[PDB]
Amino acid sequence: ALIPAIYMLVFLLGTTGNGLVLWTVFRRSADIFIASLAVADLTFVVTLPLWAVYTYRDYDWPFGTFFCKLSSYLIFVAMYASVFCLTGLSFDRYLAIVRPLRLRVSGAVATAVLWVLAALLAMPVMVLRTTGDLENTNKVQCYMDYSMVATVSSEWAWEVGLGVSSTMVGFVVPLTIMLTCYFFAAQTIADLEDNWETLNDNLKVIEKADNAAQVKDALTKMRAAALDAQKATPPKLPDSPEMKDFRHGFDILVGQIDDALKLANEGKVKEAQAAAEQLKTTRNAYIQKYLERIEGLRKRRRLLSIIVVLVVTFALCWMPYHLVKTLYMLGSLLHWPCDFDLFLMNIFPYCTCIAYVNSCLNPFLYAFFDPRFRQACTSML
C-alpha cells in the first residue's frame, strides 16, 4: 500500500521530467549522453504502473508471462544503460578538464556500444522471468526462475553468478571509473588553484609581517608560485600572438615581486610591504582576471562539480539496492537466520524506490548545471 504510491509518484516525475529533457535536446559533445540518459530514465519508469498494480494486489501479476518478461527486460536494460550513460557523461566531463569536435562522433559510438551491451546483459532476465504460483499462496507471481538453468542443488550458483555479475557491471565497475575520473580531475584543478592560493596567502603574511626577513620569505614563496603558474600551459596551444600575452601578464607580476624582494634584502620592510601591495591595484587585478580567465579556472571548477554531483547522486541512490541484493545473495548461500533473511527481503522494495529516485532527480541536475537547459525550459514556460 505504501510502495505503489511511491512507484506512481516516480512514474509521473520520471516521465514528465525526462520527457521535458528530450523535448529540449530535440528542439555539443556530452549531449549524446544527456539524451541517452533521458531515454534510459524514461524506459526505466515507463512499466512501473504494472509493478505498482502488482504490489497493490499483494504480489499477484495479472498481465501474463509476456508482460512479466518484457517489463522486467526493459527495466533491466534501462538500469545498465543509464548507469553506463552516467559513467560516459562523467568521463566526458573528465576529458573536458584534462584535454581541449571529433568527440561528437566518438560519443555517438560510445552511446551506441553501451546501448547494445546493455540490451545483451539484460537478456538473462528476458529468459528466466516467468509467472506461476510460487510458494503456493494461490496468487501468481512475476519471478526469476533459476530451475530452467539448474537442478535444486545448483540454483544458488546461477543466482549468485548472475547476481554478482549484475552488481559488478551495474555498480562496482562504473563507480570505480567515476571515482578514478574524480580523483584525476580534482588533482589537476587543485594544481592551478594551489599556486593562486599560495600567492594570496603569502600576500596576507607580508601585510602582517614584523621584519624584513619575514617579508623576504613570503616573497620567495610567492615568486616560485608565480613561475609555477606560468609553466602550466592553459587550454590553448609556440610563440603565438595570444601565447605571448599570457606570459607577459605573469612577467608583470614576477617583476613586482622582484622589486619588493630587493627592498626586503636591503632591510626596507615598510617599502617592501608597500611594493608588495602593488599586486592589489586595479592594473594587477585585471592581470589576475586575464590569467585566471586564460586558465579556465571557474569553468573547470564547474566541470569538476558536475562530476561530484553525478558520482554522489549515483552512489547514494544505488548503494541500498546493491548492498541488500549482495547481502541476500549471501544470506541464502552461507545460511543466515530467517530473522535476517526476512528483513533483507522486506526492505528490498524500499531499496528499489531510492534507486528509482536517481532517474527523476536527473532532469533537475541538468536544469541546475546547464543554463542552456534553464533558458530552453524558461522560454517554453
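Numbering starts at 1 and runs along the sequence shown.
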Residue 237 to residue 238: deposited residues not modelled, binned count -> 4 to 9
Hey, how big is the hole between residue 335 and residue 336 in terms of deposited residues without coordinates: none, 1 to 3, 4 to 9, or 10 or more?
none
Pick between 143 to 151 and 306 to 314: the one whose mean CA B-factor in the entry is higher.
143 to 151
Higher of the two mean Cα B-factors (118 to 126, 101 to 109; per PDB record) comes from 101 to 109
For the C-alpha B-factor as written in the entry, point me to the maximum among 94, 246, 158, 183.
246
If you check the C-alpha B-factor for each of 86, 269, 173, 164 in the entry, which is highest?
269
Report the third (lowest, middle or highest) to which the CA temperature factor of residue 363 belongs, ranking only the modelled residues of the same chain.
lowest
Against its chain's modelled residues, does residue 54's Cα B factor rank lowest, middle or highest third?
middle
Assert third(CA B-factor, residue 339) within chain per record equals highest
Hey, what third does residue 357 fall into on Cα B-factor, ranked over its chain?
lowest
Using the temperature factors of the C-alpha atoms in this entry, rank residue 278 within its chain: lowest, middle or highest third.
highest
